[PDB]
């Protein structure tokens, strides 16, 4: 089910690039390492923004303390589920923490990693609010869930035990909570789409999981179409972002604890990584706004086709 063209143009017209940039992105671009005041302030900002949406999302924190290389630290995942009555949901996810670096440099704000992914989820929820509201009122069978995960990044060196604090905790939590039909909230996740490392110029994505390749092909088909319809900028070839063929390698990320429990995953991560990755230069001024908005348009069409909005 692809959107009719006139309806596609209306959905793209519901996006507001200034809102995405100023209302959703800019407030995130602060140091927000786990346990920090700035991380708490970004967590509160995400929650209050999500609760304001007219669709009436269920918004809850998953708070926990875990041992880290810095000692005990408190983490909190933000979990927004549009209709908690629904059997299942499309889940879109990203991490809202920023990686800790030691004092004495320009502060690391992780603009691509992952402030842009967070702002994209907020803008999609806002831009499709009316249709999401009306689909919930119709008791649609598949709802939408947005996860803003804390503690993706290593606190002092990446490995199985110093990374993915929020996603490890949340997948285990969901496994422990019954859901109908379920039998647990893990089985309610129909597709887990993880956005990471977005906003740099010239991203390239590959399909990381054969099991979900049909959704990857759908994103490619949407890129192609929007290009044809003169709705992408700085996009001189038909297919630039969604590359065919095998990936250059897999990337450990917040999907792992869900993948291991049998959840279907699509990993929407640029590979190669942004040039600025894990340097202090991963900032607003180094983002490529036309690429951010192109990605937002592709995702908005994807979301509207996936949920029948």
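Numbering follows the first chain given and starts at 1. Whichever C-alpha set is largest while still superposing within 1.5 Å between the two forms counts as the rigid core.
Original post:
Fitting on the core, do the C-alphas of 110-118 or of 155-163 deviate more in 5 other deposited structures of this protein?
Top reply: With the rigid core superposed, the C-alphas that lie farther in 5 other deposited structures of this protein are those of 155-163.
Check your understanding: Taking RMS over all structures and residues, which stretch has CA atoms farther from the shown form in 5 other deposited structures of this protein, 207-215 or 100-108, after a rigid core fit?
Key -> This comes out as 100-108, the stretch further from the shown form in 5 other deposited structures of this protein.
Should the higher mean CA B-factor in the entry be assigned to 174-182 or to 192-200? Between 174-182 and 192-200, it is 174-182.
- Message: Regarding 242-250 and 50-58, which shows the higher C-alpha temperature factor on average in the entry?
- Response: It is 242-250.
field: Top Cα B factor in the deposited entry, candidates 127, 115, 73, 232
entry: By C-alpha B-factor in the record, 232 ranks first.
Q. According to the deposited entry, which of 146, 226, 120, 149 has the largest Cα B-factor?
A. Spelled out: the listed residue with the top C-alpha B-factor is 226.
- Please place residue 210 in the lowest, middle or highest third of its chain by C-alpha B factor as given in the entry. For residue 210, the deposited C-alpha B-factor lands in the middle third.
Using the B-factors in the PDB entry, rank residue 140's C-alpha atom against the chain and give the third, lowest, middle or highest. Highest third, going by the recorded CA B-factors of the chain.
Handout entry: residue 89, C-alpha B-factor rank within chain (lowest, middle or highest third)
Key = Middle third.
Residue 155: which third of its chain by C-alpha temperature factor? Answer is highest: the recorded C-alpha B-factor places it there.
Q: Within this chain's modelled residues, let me know which third the CA B factor of residue 169 belongs to: lowest, middle or highest.
A: Within its chain, residue 169 is a middle-third residue by C-alpha B-factor, going by the deposited values.
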